[PDB]
Structures are given as structure tokens and as C-alpha cells.
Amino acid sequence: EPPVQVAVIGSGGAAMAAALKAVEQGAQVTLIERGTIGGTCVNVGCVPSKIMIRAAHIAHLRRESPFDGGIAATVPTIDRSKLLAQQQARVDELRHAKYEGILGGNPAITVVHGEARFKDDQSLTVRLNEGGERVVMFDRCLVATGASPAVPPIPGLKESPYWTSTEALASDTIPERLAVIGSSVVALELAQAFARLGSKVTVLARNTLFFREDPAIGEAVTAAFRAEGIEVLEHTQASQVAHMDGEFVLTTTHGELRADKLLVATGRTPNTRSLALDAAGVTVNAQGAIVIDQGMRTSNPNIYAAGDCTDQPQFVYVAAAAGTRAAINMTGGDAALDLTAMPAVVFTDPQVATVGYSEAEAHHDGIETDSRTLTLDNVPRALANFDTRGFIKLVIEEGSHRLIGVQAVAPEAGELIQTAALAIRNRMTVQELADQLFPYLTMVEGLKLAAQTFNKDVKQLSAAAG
């Protein structure tokens, strides 16, 4: 029973989880990474972005609050060089501790610095970063190559000095004027962060914000953004980009827009063109994403794929869960990833959080539904904070009354969404959820209150009644 030889391409959340699990299951791992160890999350994604957003939150609350009648506010001076140094130090520390140190301190793992492609379904050719090549033979291989920022084909954009999320996060100055092309998670998390740290921000949204989500979400976020001075140009696209006399000049229907920096946040495409997937019989879809089943199996039985390079949702917790289960299956087990109560959080303020079905998604799947939308001016916590921006929306199956989805725009929406996720996992009805005790003056109490509106008027119920 020789150790199974497992090859892993990448070192992000999917690859790390797979490598560690494979080792735990008795395999010898060869991990190939072309760039910085740790991939997107630690280096240019979740961690640095959430740090910058937290800095932004502090800046914002120093600038303004619902309590300014009685607490003086100031325009705080911002030293982005110091903020960036702090951010990078945590990134570097986490990469060393949770990635480099975990791979380096493990004798069942060989790390190769190079770019891999398939030679056949049992071997990779690696172009080594120090030059030349090496062949890596494997019994099983996990492709976990992630994704990269997409670039729309706008004339003049390619040759201009524009930013993706990577360059934005690595910037050592807050630009006076920031233009943002895009209208989803990356665009809006970063637009609000930059605005709060001092930029005059203009968002060019080709449709409306969060266009593919329940429309209540985009409506609430758009209003929030406008309320703190972020310009949101809906149904607006740039037809030309130019960079002249040190600034960006964007041609749009709304007229000419000028800015010091331009962030383009228009999706992330799977990193698969360099892999020679045809050499291993691994099928992709029209977007270039590797097609997998619930066991992370590709069209080739020796090759698995996990994370953003596949057709599954792009979140680090999905990538990791998928990597872990791919490893089980590569080492003789039988695991499947279940996404039925997969929550998602957008780190704007207020936060967006979702889990399960929107009304529209349920209808498209042939489910009969009812819903209730509780505005935050009904939530004691929001009233005590004097900030009632947002809502909590509950979606149920008609008849069974089973909770099947929740969408919320609220401060701490990301915290309360997990109570909704566990309710859905446990197949609870809204009456059962409403019957549980919740602490008074928490945002999560809003789930109880929303659940109660399926049977009675919120305005006619007394404090913590239920």
C-alpha cells in the first residue's frame, strides 16, 4: 500500500485545505504554485480588503454618526502609508503562519515554485520560476488555480494605468477622485472603503447595484451610498478610457468623467487557459470554468478541481470545503459538498447577507413561496442606534411554512445570517423560529420579528413578545 501521490496546483484556500487533508489521509503531496504562496485570500483578497474596510469604518464614524448632536465629529487626517504598512504586516504574518509554515513544516509535502500544465492525465509539466522544467507524476491531481480580475473590452482601457482590486488594495495613497466600473461585491466593498478614507467616488453601474440579487438589496445599498456622498450612476457605461495630463478621462452618456484613479471590478475569470486541460480530458464550460460534480470530480476520474477555477460559487469557505472533500475522494473516500445553506456576506456598511432562496430563485425552481420584508425601523437595535437603513427579508415555502431563504441589508447582517443558515439547515418553520428566545436589542432579534409578521402585525406586538 504505497502512499498515493497527489499533485495540487495552487496554494489558495482550496489547495491548502486539500493538501493538508490529503496528508492527513496518508498521501504524499506535491504542490505547485507559480506566484506568492497563499493565493487570493490572504494576499490580495479577503484579508487585506476586510482590513481596509475596517479602517474605513473607523474613519467614517470619526467623520459622522447619528449621535453628532451630542458628540463632536472631526475630519480625521489619514496616513495611507501607515494604514497600508499595518495591513501588509498582517497579510505577511498570516501567510507565514497559516500557509508557508504549514507547508514548510510538513515532510509529506513538496512545494514547487513554477507554472503547471497537464502533459497527460497522470503528469504535469512545470515551468520552474528559476528556469527550465520539471515533470510531476501523480496518481491523482487537484486543480485549484483560482480566478483573475476580468477586464471589459472598453477602448483605451487596456493601455491605461487602471486598477484591479489588487492594485487598489496595494495603493499607498488615497486618490482625490476614484472612478469605479462595476456594480457587484468587489466594486462596492472597495468603492465605499475608498470613499470613507477620503476619495470622491463615482460608481459606473451598467445596470443597477447588485443586479442579479433581490432588487431590495441594491435599492438599500444605493440609498446608503448616496447618503454618504458616493455618486452612483445607474445604467451607465464608459465607451472610452483615456489617460491624459495625469488623470483618467472617461467618455460616458452622462458626459465626461475625470478621476485620478480607475478601479475596474467586473468579475473574475477562472485561471484555466494555461493548463492544457485537453491533454488530460478535463472539460470546461463556456466561461472556461472546470466542470465538477458534488464530489469535485472532473470529466477525468484521476483529476479533481476546487475553488474559483470551477463553476461553483466563489467564496473562500466554499473553496476550502471543496478542497477538503476533493482530497477525501482522491484518497479513496466518498464525500460531497452540500451548498444548500451556504451564506454570503458583503462587507459594505450596512452589510448585505443572504442564504438560501430569494423569491425569484425559488419560483424559478418551481417552489411556491410567501415572504415578509421587515424594515429596520422595526428592529429595536436599529432604533437604539438611530440608524434604520435596511431590512430583513424572509422567504418560506407555502404550505409547509419552512424557511428557505433570508436576505438582509443591515449592520452585522453577516452575523445574523448564520442563525438563518442554521434554521434552514434544520428545516425550521418561521413559527418555530419565532418561538425561540432571542436577546432583546440585538440585530439578530430582527429575524424573530420578521418571522412573527407571517402571523401578525409587528406594530401591534409589544416589547420582545413571543
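We number the residues from 1 along the sequence you see.
Student: Would you determine, from the values in the PDB entry, which of 381 to 389 and 117 to 125 has the greater average C-alpha temperature factor?
Tutor: Mean C-alpha B-factor is greater for 117 to 125.
Student: Which is higher on average in the deposited entry, the C-alpha temperature factors of 92 to 100 or of 371 to 379?
Tutor: Averaging CA B-factors over each stretch, the winner is 92 to 100.
Student: With respect to the C-alpha temperature factors reported in the PDB entry, which of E189, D214, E219, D311 ranks highest?
Tutor: Of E189, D214, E219, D311, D311 has the highest C-alpha B-factor.
Student: Which has the highest CA B-factor per the PDB entry: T348, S165, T253, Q87?
Tutor: Going by the entry's C-alpha B-factors, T253 comes out highest.
Student: Using the B-factor values recorded in the entry, state whether the Cα atom of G182 falls in the lowest, middle or highest third among the modelled residues of its chain.
Tutor: It belongs to the lowest third of the chain when residues are ordered by C-alpha B-factor.
Student: Place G323 in the lowest, middle or highest third of its chain's C-alpha B-factors, as listed in the PDB entry.
Tutor: For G323, the deposited C-alpha B-factor lands in the middle third.
Student: Place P149 in the lowest, middle or highest third of its chain's C-alpha B-factors, as listed in the PDB entry.
Tutor: Lowest third - that is where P149 ends up once the chain's C-alpha B-factors are sorted.
Student: For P175, does the deposited CA B-factor place it in the lowest, middle or highest third of the chain?
Tutor: For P175, the deposited C-alpha B-factor lands in the middle third.
Student: With respect to C-alpha B-factor, does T266 fall in the lowest, middle or highest third of the chain as deposited?
Tutor: It falls in the bottom third of the chain.
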